[PDB]
Novice: 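Please read through the structure below; I'll follow up with questions.
As the structure lists them, so they are numbered: ligands from 1, and atoms in each ligand from 1. Every heavy atom of this structure was used, including side-chain atoms; hydrogens, water molecules and symmetry mates were not. Quick note: residue numbers are just sequence positions, from 1.
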Amino acid sequence: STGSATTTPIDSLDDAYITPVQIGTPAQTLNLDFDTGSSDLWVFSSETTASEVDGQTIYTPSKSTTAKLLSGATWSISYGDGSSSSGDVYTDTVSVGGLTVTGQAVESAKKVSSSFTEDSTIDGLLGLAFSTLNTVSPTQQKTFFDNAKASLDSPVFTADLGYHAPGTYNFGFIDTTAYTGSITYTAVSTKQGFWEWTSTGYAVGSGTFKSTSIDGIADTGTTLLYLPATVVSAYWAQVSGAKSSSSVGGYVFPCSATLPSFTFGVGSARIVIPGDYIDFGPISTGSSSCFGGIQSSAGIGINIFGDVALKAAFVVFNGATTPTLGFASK
Ligand SMILES: NCC(=O)N[C@@H]1CCOc2ccccc21
Ligand SMILES: NCC(=O)N[C@@H]1CCOc2ccccc21
């Protein structure tokens, strides 16, 4: 089997991407944030505290003839941005882009933190990291990808995120029309439960490539690119007026600037992030100070290849017995 679904930016900045997902019988379609940095499929629901729902579409398990309560199971998760959610668990039929999994754990939110309530465009998350990170207790549950894997034509999914435009998540096949050149594959460590890999270095604009190992995670659930302070300082030093602002929480730059590109290494290959992808717009409405798309990972404890980096590539999440990641230009 295969599946193919369009993913769409939630706003004009590409702060996140939503993908329609069918849950239950008859189908209830929710728009979920596909997150290769976590491993829970959770949804706003008829059980979510009413004051914490503001415009989201909800899953109602009592209206699904295939829903079953997963007796005694609870879940609770916290994300890198400080947001959180928790609740109980159903199993149900879940379909993405024509690919169907029966008996998928669908985690129903009883509580969500304010940032989730405040984002009416995201109805929940669909985790695509390794199932060892799944938070369901006392019986840990599998991700949608792990459950689908044996049925897929090939044990892979691909992320092709758009810049200010829709893109595609495919399951079970590699669309050779969606990228240019060849795909370069690189080793993955699953020891922390993430799609963790080592970039071979970087360049700023037209500058020379610096060969240096950068361990980080491929994380579609993070908006920006978080790299070591040395690397980030070298980037922003090429932008007149750019500075790290403690009050704003990161590097800002004059909105009148033209940003240089940023290149990262994948083995001997190179992925170029155009300068425009690094502009996240005014820090507040009408400000002439703009927020940067490359930020320091110091005090995260890991580097994060988030959407800013991933949307410059066609990315293969290869879930073979020994997982690997593939990157191509597009
Ligand atoms: N976008 C990815 C993300 O925020 N993941 C969070 C942050 C810290 O690590 C974990 C571990 C397990 C589950 C979720 C997370
Ligand atoms: N991943 C697909 C791809 O890169 N195709 C290229 C684009 C340019 O045209 C040609 C002509 C012959 C062979 C390959 C290609």
Novice: Which bit of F194 is near ligand 1, meaning a heavy atom under 4.0 Å away: side chain, backbone, both or neither?
Specialist: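 Side chain only.
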Novice: Numbering the atoms of ligand 1 from 1, which are under 4.0 Å from a heavy atom of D35?
Specialist: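 This gives 1 (N), 2 (C) as the contact atoms.
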Novice: What do the steps show when you test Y59 against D92 for side chain to side chain contact (heavy atoms under 4.5 Å, CB included), and what is the final call?
Specialist: CA-CA 11 Å; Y59 169 58; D92 211 338; 2.7 Å; yes
Novice: Under a 3.5 Å threshold, yes or no: a donor from one side chain and an acceptor from the other, between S120 and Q56?
Specialist: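 Short answer, no.
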Novice: Without hydrogens or angle criteria, can the side chains of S84 and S78 be said to hold a donor-acceptor pair below 3.5 Å?
Specialist: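 Note: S84 and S78 side chains miss the donor-acceptor criterion.
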Novice: Which residue, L325, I302, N303, forms the side-chain contact (heavy atoms from CB on, under 4.5 Å) with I217?
Specialist: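 By the side-chain contact (heavy atoms from CB on, under 4.5 Å) criterion, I217 pairs with just one of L325, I302, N303: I302.
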Novice: Just checking, any donor-acceptor pair under 3.5 angstrom between side chains of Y235 and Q295?
Specialist: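 Note: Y235 and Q295 side chains miss the donor-acceptor criterion.
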Novice: Would you mind listing each N/O atom of ligand 2 next to any protein N/O under 3.5 Å, plus the distance?
Specialist:
from     : atom 1 : to   : atom 2 : distance (Å)
ligand 2 : 1 (N)  : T176 : O      : 2.6
ligand 2 : 1 (N)  : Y179 : O      : 2.7

Novice: Ring pair (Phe, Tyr, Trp, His ring centres under 6.0 Å) with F317: which of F130, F157, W197, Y185?
Specialist: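 It is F157, the one option of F130, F157, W197, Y185 that forms the ring pair (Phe, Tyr, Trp, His ring centres under 6.0 Å) with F317.
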Novice: If we only count N/O pairs under 3.5 Å, is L133 in contact with ligand 1?
Specialist: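 Checking ligand 1 against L133, no N or O pair falls under 3.5 Å apart.
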Novice: Do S45 and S108 pair up side chain to side chain, a donor and an acceptor below 3.5 Å, judged on atom types alone?
Specialist: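 The answer is yes; a qualifying pair exists.
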Novice: Under 4.0 Å from a heavy atom of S38: which atoms of ligand 1 are those, numbered in the order shown and with their elements?
Specialist: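 Atoms satisfying the 4.0 Å criterion: 14 (C).
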Novice: A cation-pi test, strictly: NZ or CZ of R270 under 6.0 Å from the centre of the six-membered ring of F264 and no more than 45 degrees from its axis. Yes or no?
Specialist: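 No, a cation-pi geometry is absent between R270 and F264.
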